[PDB]
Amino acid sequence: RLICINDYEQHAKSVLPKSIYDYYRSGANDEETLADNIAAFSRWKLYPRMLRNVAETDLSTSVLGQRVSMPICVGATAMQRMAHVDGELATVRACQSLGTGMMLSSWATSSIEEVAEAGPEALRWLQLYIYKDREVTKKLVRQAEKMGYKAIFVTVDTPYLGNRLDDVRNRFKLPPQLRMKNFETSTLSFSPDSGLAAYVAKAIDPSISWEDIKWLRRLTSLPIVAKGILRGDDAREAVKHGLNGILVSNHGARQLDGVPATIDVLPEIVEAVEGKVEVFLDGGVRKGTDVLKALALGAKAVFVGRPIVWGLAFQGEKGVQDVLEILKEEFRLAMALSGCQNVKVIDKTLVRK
């Protein structure tokens, strides 16, 4: 049956209710950047070296000082219990099995504590939204620290929600038995136009600024990664504020439509930070060769969003494990066929635009 990431999406479309599949699939507006996140990878061509001895390929690397089995990590995707009853618990168990890390959404259908209990040995990070209520925001950070999470990925591209047309058409909301489990009140738990757009407008602070990054940097000694940066000047500002990484992201093409593909902006950002912090990528990673191209252009690791959700939709924990194993094996093969024994030898001469 399912032997590549595209097969998992096709299966997910066949089993999920329309409103759920559309929520997960959609980009903003006419979905120009959604298509380009994928198309852009195809424009970057590979220039493989032959005869390098690839009998012993080592995929391991490190993200913010923590070892991982491969440069392929799970990105934050909200509300995973819509895809499968075990949701984020399934995801974290699969990450533990694989030896990779999970970035947990602030809008998860499982709590910070529940996910740490299901994956005590898993490498786990918190994706943070800055809520108008700074006490809510502080509580999330404190829980993450108490529960053994190793970094904060602060989302900086979402002062408001992007306009995802199908969610407005479907009047997207959570199924009746589910909530955003990090919150106590009806409104902040998203108790069931787009419901989610209205939730953001009520809960999330559109005023946030670099001053808020200064606040967050004072709040926690955890490593902090700015997630959603697309400009070199903003990446330099993040470094100036004492942040510890940049996740080059257009939010899965769900925020501002018509921004570049992340693989296309990656080189400018890598150049801008001058080696001072790790740079990561997400957006459009579906194949081992996508991972290889991102590393050749300077990314330390990539994050996957939608493929994880499609794994859940097929078979819960087993489906997420399968998706991650597919990506791992495609990446090993790509490294081998390119002449790369390890991630340290994946260099810029492997790619040209």
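Think of the rigid core as the biggest set of C-alphas that the two forms share within 1.5 Å after superposition. Throughout, we count residues from 1 along the sequence that is shown.
S.K.: Any chance you could tell me whether 199-207 or 73-81 drifts more in 9 other deposited structures of this protein, judged by RMS CA distance from this form after superposing on the core?
M.R.: Higher root mean square deviation of C-alphas in 9 other deposited structures of this protein is shown by 199-207.
S.K.: Output yes if residue 188 is unmodelled in at least a third of the other compared entries of this protein, no if it is modelled in all of them.
M.R.: Missing in at least a third of the others, so yes.
S.K.: Using none, 1 to 3, 4 to 9 or 10 or more, say how many deposited residues go missing between residue 192 and residue 193.
M.R.: In the deposited sequence, 4 to 9 residues between these two have no coordinates.
S.K.: Look over 176-184 and 105-113 in the entry and identify the one with the greater average Cα temperature factor.
M.R.: Between 176-184 and 105-113, it is 176-184.
S.K.: Taking the recorded C-alpha temperature factors, which stretch has the higher mean, 269-277 or 243-251?
M.R.: In the deposited entry, the stretch with the higher C-alpha B-factor mean is 269-277.
S.K.: Checking the entry, which one of 157, 86, 264, 205 has the top C-alpha B factor?
M.R.: Top of the list by C-alpha B-factor: 86.
S.K.: Looking at 288, 319, 298, 65, which has the highest Cα B-factor in the entry?
M.R.: Spelled out: the listed residue with the top C-alpha B-factor is 65.
S.K.: Compare the C-alpha B factor of residue 149 with those of the other modelled residues in its chain, then answer lowest, middle or highest third.
M.R.: Its C-alpha B-factor belongs to the middle third of this chain's values.
S.K.: Split into thirds by Cα B-factor across the chain's modelled residues, where does residue 3 land: lowest, middle or highest?
M.R.: Ranked within chain, residue 3 CA B lands in the middle tercile.
S.K.: For the chain shown, is the CA B-factor of residue 230 in the lowest, middle or highest third of its modelled residues?
M.R.: Lowest third.
S.K.: Based on the deposited C-alpha B factors for this chain, I'd like to know if residue 133 is in the lowest, middle or highest third.
M.R.: Ranked within chain, residue 133 CA B lands in the middle tercile.
S.K.: Classify residue 30 as lowest, middle or highest third according to the C-alpha B-factor given in the PDB entry, relative to its own chain.
M.R.: Lowest third of the chain for residue 30's C-alpha B-factor.
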